[PDB]
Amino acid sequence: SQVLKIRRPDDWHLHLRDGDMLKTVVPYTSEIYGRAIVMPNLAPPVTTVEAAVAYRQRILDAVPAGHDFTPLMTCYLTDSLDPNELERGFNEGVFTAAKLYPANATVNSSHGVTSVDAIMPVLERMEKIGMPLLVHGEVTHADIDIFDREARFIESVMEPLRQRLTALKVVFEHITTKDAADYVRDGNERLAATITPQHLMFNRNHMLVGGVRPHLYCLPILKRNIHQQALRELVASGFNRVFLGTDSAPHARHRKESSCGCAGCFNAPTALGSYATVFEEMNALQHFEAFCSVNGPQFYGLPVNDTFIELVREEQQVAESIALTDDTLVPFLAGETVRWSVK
């Protein structure tokens, strides 16, 4: 019965992959979102303007007729990246931002950044030109417990970085901790964050109690409930430097359900409705549009979308699976009911 009309949203953190997987997954995004930040962790990674131009075209090829969707491309920072390559792509309208993957922190990150010190000239160029830095904020030393890697990053990397480059705009991507929530809340107008649906909806118990659930396995790892609760409070408060970033991160079923399952939730089909449920549960639907459709554009200095969509509070069962050319893709909340759906 209940209908909620919002300005058309965007997705400020998305993985579209490539090849047949890209063809399968892009329509789940392009039918809803006006724009998406397209992450660059392909294999090999997108580290040049030419690679980004071609990838953008493969993405557009896969967008159904009638969807008005614009992919916003990013550069994968490496230790050896030429600042001129990065700036040229920014100047040509190819790169909207650049993504910092700590080496070996996450999916397709073996070529990532080994220290902020190795890439200072690149960061200094971004600061000069007003290019936002997107950060997967985790440390990677083998002896640091996985649940501590986000908090430890704040103290040891994020804060020194921001103190050195005071004009640099930073998005703390997919935050998962009270530590990061407080850090962002207490930050200045050059610091923002994205939050996924899964880090709002669940905590680590959901992944580990009654069985191990690899379709909830993603990075940064789901945390303790008190962290979940801090994230829900942050979005529900109306704080305007948090915004929608799904981190939809698809892997074939048997890559997820294996002896060493890949990290990432394929949440593009269900993310928007899932966010709506959270904001409703937090008695905060008045702030839902801004999170989805206003806060991101403002941080990035881009116009808000000029079209509108509707969500309805009518229960839909999520498909158990989505067909691929080989194997299947298991969506986030597969087989479950979602309370809101796109009209």
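In case it trips you up, residue 1 is the first one in the sequence shown, and so on.
The stretch 84-92 shows the higher mean C-alpha B-factor when 84-92 is compared against 205-213 in the entry. Note on 104-112 vs 242-250: mean CA B-factor is higher in 104-112. The entry lists C-alpha B-factors for 128, 255, 185, 99, and the highest of these is at 185. Looking at the C-alpha B-factors along this chain, the one for residue 45 belongs to the highest third. Ranked within its chain, residue 261 lands in the lowest third, by CA B factor from the PDB record.
The deposited CA B-factor of residue 70 belongs to the middle third of values across its chain.
Among the modelled residues of its chain, residue 151 has a C-alpha B-factor that falls in the lowest third according to the deposited record. In the PDB entry, residue 142 places in the highest third of its chain by CA B-factor.
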